[PDB]
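These protein sequences, in sequence, are chains V and C. All the letters of the first sequence, read from the start, carry residue numbers 27 to 255 under our numbering. All the letters of the second sequence, read from the start, carry residue numbers 27 to 255 under our numbering. Taking it in order: structure first as structure tokens, then the write-up.
Number of protein chains: 2
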Amino acid sequence: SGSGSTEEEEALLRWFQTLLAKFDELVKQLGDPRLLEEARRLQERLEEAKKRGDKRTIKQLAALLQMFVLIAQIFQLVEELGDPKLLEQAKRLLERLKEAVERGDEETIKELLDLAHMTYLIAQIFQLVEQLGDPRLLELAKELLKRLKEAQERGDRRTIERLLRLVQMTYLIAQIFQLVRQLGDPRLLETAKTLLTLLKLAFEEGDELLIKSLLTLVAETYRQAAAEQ
Amino acid sequence: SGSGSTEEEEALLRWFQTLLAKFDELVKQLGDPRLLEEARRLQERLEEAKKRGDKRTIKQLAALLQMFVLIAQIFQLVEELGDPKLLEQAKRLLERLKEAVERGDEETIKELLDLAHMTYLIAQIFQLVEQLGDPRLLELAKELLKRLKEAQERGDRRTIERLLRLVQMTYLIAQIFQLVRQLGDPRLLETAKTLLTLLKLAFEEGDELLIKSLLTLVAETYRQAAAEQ
């Protein structure tokens with residue numbers, strides 16, 4: 027009761043409405059039966075919560091809807107790539123999410139959020155690898171896809187968080203190598219090669235202090251290289 | 027022995043040499059006695075490890091040096107701001123780091139890395155708040171400074187990781203409000219206000235799924251707003 031719908035409730039609903047429009051447009055483009063059915067469920071669940079003034083559920087739905095948007099974005103990208111292993115992973119994300127939601131397994135939902143961001147990045151990595159024609163980066167992309175499959179089935183929050191950082195670093199380094207190609211900078215190429223060496227080191231000995239530190243180095247290097255074109 | 031210095035060892039040393047030059051320049055500008063003394067120690071420790079071909083220690087030193095660079099960057103920014111509470115926190119970061127290094131407490135080192143990034147961001151938030159003359163954002167900056175002090179003394183990895191995300195979101199939202207001022211967009215202002223409502227919600231009910239989801243929303247909103255100026 028109180029003063030009716032609160033500013034926080036209205037903001038959560040505006041977030042959900044914006045996400046839902048994005049999801050709808052993606053689902054219409056994809057024509058995927060399972061995402062079509064989840065659209066109806068999400069639409070129903072919100073209307074129920076918005077009717078019931080249940081702030082907790084609205085919060086959960088906004089978060090869940092943002093994850094379904096990402097999943098739809100994944101399906102779009104992975105269908106473009108055509109990679110069957112990534113397609114299988116995208117399908118697994120959706121199946122596990124539906125299962126986690128049904129069971130109220132919030133821990134798995136959080137893990138799936140990381141796994142979904144990782145899947146999208148890995149798909150982007152493969153896109154960049156293709157552009158660059160770079161077999162060395164391809165090897166890392168393939169290893170990440172292997173680790174993603176293992177994490178989806180057997181990973182815990184910590185192993186998933188570690189892998190997300192490796193994926194993020196690999197995507198940034200692929201972006202640095204792309205800048206090398208566009209700018210023709212021999213000095214940046216040596217930098218990128220040094221970073222690739224350190225990245226391989228991170229793949230081999232996944233110490234958290236090393237990974238966190240190298241992710242900062244790579245991210246700062248990318249920003250600096252992108253700023254100092 | 028093997029084949030002598032490995033490409034990975036050489037890459038770690040190049041990382042350390044680049045960091046050390048940055049640290050030296052910062053220390054020379056700051057003239058801070060404690061950072062001056064840590065420069066000598068870091069210089070000594072590396073030479074010893076580089077002499078000894080101890081890859082593990084070189085890896086640790088590269089990471090530790092990157093943290094001392096950040097600490098020096100913090101001292102520079104916080105001395106410019108002049109905020110005595112932030113100065114105290116910067117001094118605490120350094121004291122705790124030296125202690126953690128002496129005791130080999132790698133868990134505390136990792137926590138301090140997050141705490142240092144957070145301290146730098148909070149200092150940047152205060153800078154932006156000043157620019158905008160925005161008392162609403164000031165309230166959040168002050169609350170974050172309070173939470174930072176508590177986390178430094180009593181926080182664990184999870185509470186520190188949660189706070190880092192709140193700080194990151196607050197910095198991005200401050201950046202969005204700055205864009206509103208530069209672009210004079212009434213629609214972006216309503217967006218920013220909605221995000222500020224959701225941010226306050228995150229400060230009040232720090233659910234991890236909510237925070238992670240809102241950080242994505244805020245980060246994507248900033249990128250989109252910065253791209254769709």
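Cβ coordinates follow ideal geometry from the N, Cα and C atoms, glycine included.
Contact set between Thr223(C) and chain V, taken where Cβ atoms lie within less than 7 Å: One finds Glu33, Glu34, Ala37 in chain V with Cβ atoms closer than 7 Å to the Cβ of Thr223(C), taken in chain order.
Distance, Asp182(V) Cα to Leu222(C) Cα: 32 Å
Separation of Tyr197(C) from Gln150(C), as counted between CA atoms: 7 Å
Range of the contiguous alpha helix (DSSP H) that encloses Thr220(C): Per DSSP, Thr220(C) belongs to the alpha helix (DSSP H) from 212-230.
Buried/exposed call for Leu62(C), threshold 16 Cβ in 10 Å: exposed
Secondary structure, alpha helix (DSSP H): runs of 4+ residues fully inside the stretch 70-117 of chain V: 81-107
Residues of its chain near residue 287(V), where Cβ-Cβ distance is below 6 Å and the 5 sequence neighbours each way are ignored: Past the edges of chain V, shown from 27 to 255, lies residue 287(V), and the structure says nothing about it.
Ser239(V) - DSSP class collapsed to helix/strand/coil: helix
Nearest-angstrom Cβ-Cβ length linking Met195(V) and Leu139(V), presumed shorter than 8 Å: Not really, about 19 Å apart at Cβ, beyond 8 Å.
Contact with chain V by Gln153(C), beta-carbon distance below 8 Å: no
The stretch 116-141 of chain V: positions lying closer than 7 Å to chain C by Cβ: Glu132, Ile135, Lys136, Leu139
Helix, strand or coil at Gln255(V) according to DSSP, with G and I counted as helix: Looking at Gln255(V) - three-state DSSP - the assignment turns out to be coil, as it is neither helix nor strand.
Positions along the stretch 234-253 of chain V whose CB lies within less than 8 Å of some CB in chain C: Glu234, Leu235, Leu236, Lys238, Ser239, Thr242, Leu243
Three-state secondary structure assigned by DSSP to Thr134(V): Reduced to three states, the DSSP call for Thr134(V) is helix.
As assigned by DSSP and simplified to three states, the class of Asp58(C): coil
Pick from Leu189(V), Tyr248(V), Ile202(V) that is closest to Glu231(V), judged by C-alpha positions: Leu189(V)
Close beta carbons around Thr83(C), own chain, < 7 Å, minus the five adjacent residues each side: Counting only Cβ-Cβ distances below 7 Å, and skipping sequence neighbours, we find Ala75.
Cα-Cα separation, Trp41(C) to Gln201(C): 31 Å
Alpha-carbon spacing of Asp109(C) relative to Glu176(C), whole angstroms: 17 Å
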